[PDB]
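The deposited numbering puts the first residue of the sequence shown at 319, with every later residue one more than the last. Cβ coordinates follow ideal geometry from the N, Cα and C atoms, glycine included. Step one of this worksheet: look at the structure below.
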Amino acid sequence: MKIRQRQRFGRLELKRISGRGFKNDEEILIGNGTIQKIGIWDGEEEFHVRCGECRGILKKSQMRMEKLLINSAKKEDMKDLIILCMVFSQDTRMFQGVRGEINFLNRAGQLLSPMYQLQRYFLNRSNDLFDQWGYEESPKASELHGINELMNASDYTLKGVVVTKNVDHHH
Ligand SMILES: CN1CN([C@@H]2O[C@H](COP(=O)(O)OP(=O)(O)OP(=O)(O)O)[C@@H](O)[C@H]2O)c2nc(N)[nH]c(=O)c21
């Protein structure tokens, strides 16, 4: 239907544009050697995504971020959107990136649930994530360019992530 409330994953705002995922509770052995109970989504899905000023298209499958296209925006929003999408995608690389205990409390003194532990952890320790994520030679394409961990156009890109330029197509 035309009017749809957006879904939210902390700071990440999302709207699904294709696919049909199904959620199954699974036990996941993550990178710090602990087992986490997580509702894992299965199926190829694409989302419209946004964090602050940065907007993009996220394509995922089960525990895999396939492709992330985003616009150029303020670097903190670009970086946060990428991290939130890596976490949202439940990518195995993301799970494997965790070190030490994820036992963060909220302001009501309760433990965050596992997905929110992960969002909180990687937002504030992104080098853990990006190291595990992998880098590849940037795509050489006309309207797309890769980005590095500093959110700059580079010869090498975070794997699966692509940025568009702000171009005056209509003059
Ligand atoms: C990883 N997610 C998370 N998610 C949805 O994104 C929102 C934020 O996830 P969440 O806060 O972990 O949801 P949760 O607390 O598990 O509640 P729910 O029972 O709705 O899943 C929720 O609306 C959740 O349903 C998703 N929706 C789809 N279609 N595919 C997905 O892979 C995912």
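Taking the DSSP output, what are the residues bridged to residue i?
{"i": "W359", "result": "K341"}
{"i": "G374", "result": "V367, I388"}
{"i": "residue 295", "result": "No statement about residue 295 is possible, as the shown extent of the chain runs from 319 to 489 and does not include it."}
{"i": "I321", "result": "Answer is none; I321 lacks a bridge partner."}
{"i": "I420", "result": "DSSP lists no partner for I420."}
{"i": "residue 264", "result": "Coverage of the chain is limited to positions 319 through 489, which leaves residue 264 absent and any answer about it impossible."}
{"i": "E454", "result": "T475"}
{"i": "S336", "result": "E364"}
Could you check whether residue j and residue i sit closer than 8 Å to each other, using their CB atoms as the reference points?
{"i": "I401", "j": "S444", "result": "yes"}
{"i": "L347", "j": "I356", "result": "no"}
{"i": "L332", "j": "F365", "result": "yes"}
{"i": "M319", "j": "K397", "result": "no"}
{"i": "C403", "j": "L386", "result": "yes"}
{"i": "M381", "j": "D409", "result": "yes"}
{"i": "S390", "j": "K483", "result": "yes"}
{"i": "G370", "j": "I388", "result": "no"}
{"i": "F406", "j": "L330", "result": "yes"}
{"i": "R438", "j": "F422", "result": "yes"}
{"i": "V481", "j": "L462", "result": "yes"}
{"i": "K393", "j": "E384", "result": "no"}
{"i": "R324", "j": "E363", "result": "no"}
CB of residue i to nearest heavy atom of ligand 1: below 7 Å?
{"i": "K378", "result": "yes"}
{"i": "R334", "result": "yes"}
{"i": "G374", "result": "no"}
{"i": "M383", "result": "no"}
{"i": "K320", "result": "no"}
{"i": "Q414", "result": "no"}
So, for residue i: in the same chain, excluding its five sequence neighbours on each side, which residues have a beta-carbon less than 8 Å away from its beta-carbon?
{"i": "residue 571", "result": "Within the shown structure, residues of the chain are numbered from 319 to 489, placing residue 571 beyond reach of any answer."}
{"i": "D395", "result": "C369, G370, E371, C372"}
{"i": "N350", "result": "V416, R417, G418, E419, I420"}
{"i": "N424", "result": "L430"}
Counting only the same chain and skipping the five closest in sequence on each side, list residues whose C-beta sits under 6 Å from that of residue i.
{"i": "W359", "result": "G339, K341"}
{"i": "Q450", "result": "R411, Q414, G415"}
Looking only at its chain, what residues have a beta carbon closer than 7 Å to the beta carbon of residue i, apart from the 5 residues adjacent to it on each side?
{"i": "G478", "result": "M383, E384, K385, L386"}
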